[PDB]
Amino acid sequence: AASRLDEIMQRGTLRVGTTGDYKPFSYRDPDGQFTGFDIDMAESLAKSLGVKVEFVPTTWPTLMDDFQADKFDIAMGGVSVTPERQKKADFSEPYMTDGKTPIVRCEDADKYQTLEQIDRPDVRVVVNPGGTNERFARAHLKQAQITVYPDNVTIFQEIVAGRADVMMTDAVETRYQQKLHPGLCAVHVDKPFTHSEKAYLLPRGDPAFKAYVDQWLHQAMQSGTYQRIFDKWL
């Protein structure tokens, strides 16, 4: 019945679900430390509340089930607002805009500027399984050969090696991957095919907790805190 704010204050810690697999938002290094834009934002929210932060590992396939099992109070780590997630959770106000856009071999940058160019019988589109990327590919590709590749790290090497031609993912991810792989280039990264918003996942039916988060976030956007963290990571 009581707000999660009460439980957080009594416990003395804010439990933050995060995947640790999405630079620059959230990454868990071998030593077990989390770093990234949303790790720093989580520390700022916890500081506002006067509590310690505890990072709770989750994964994209288990995010919602873990949240419903009360494994954490809020999820922070490059999470897009989606209608599917809104059935089971609320969201904070958004903290940045994103969208899906291609990443290709640099020599192919001009070949794959539009979906009409990509959606052709001989184009080999690769995608990671089970999430918003595969949903996007299957909703927008009627002719291209879609291959699902299971390894979320080595998938980009499929394009480098010439086993695939295009992958469409979050524009922020294409920025990171085109720096990591010199042979790949993000396609019109400032004008993605879709418009999405990143936000923090919150429990339904707790307007007080959501209002606290929204107020902290609005203050951070105008105080210099957001600017500093954004400049460090994005």
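Residue indices: 1-based, along the sequence shown.
Novice: Looking at the entry, does 212-220 or 5-13 show the higher mean C-alpha B-factor?
Specialist: The stretch with the larger mean CA B-factor is 5-13.
Novice: Per the PDB record, is the mean Cα temperature factor higher over 80-88 or over 119-127?
Specialist: Per the PDB record, 119-127.
Novice: Between 108, 73, 134, 93, which one tops the list for C-alpha B-factor in the PDB entry?
Specialist: Among 108, 73, 134, 93, the PDB entry lists the largest C-alpha B-factor for 108.
Novice: Highest CA temperature factor in the entry: which of 66, 170, 29, 40?
Specialist: Across 66, 170, 29, 40, the entry lists the biggest C-alpha B-factor for 29.
Novice: Going by the entry, which third of its chain does the Cα temperature factor of residue 198 land in?
Specialist: It belongs to the lowest third of the chain when residues are ordered by C-alpha B-factor.
Novice: Classify residue 185 as lowest, middle or highest third according to the C-alpha B-factor given in the PDB entry, relative to its own chain.
Specialist: CA B-factor rank for residue 185: middle third.
Novice: Ranking every modelled residue in this chain by its Cα temperature factor as given in the entry, which third contains residue 58?
Specialist: Answer is lowest: the recorded C-alpha B-factor places it there.
Novice: Taking the values exactly as deposited, rank residue 33 by C-alpha B-factor within its chain and report the matching third: lowest, middle or highest.
Specialist: Highest third of the chain for residue 33's C-alpha B-factor.
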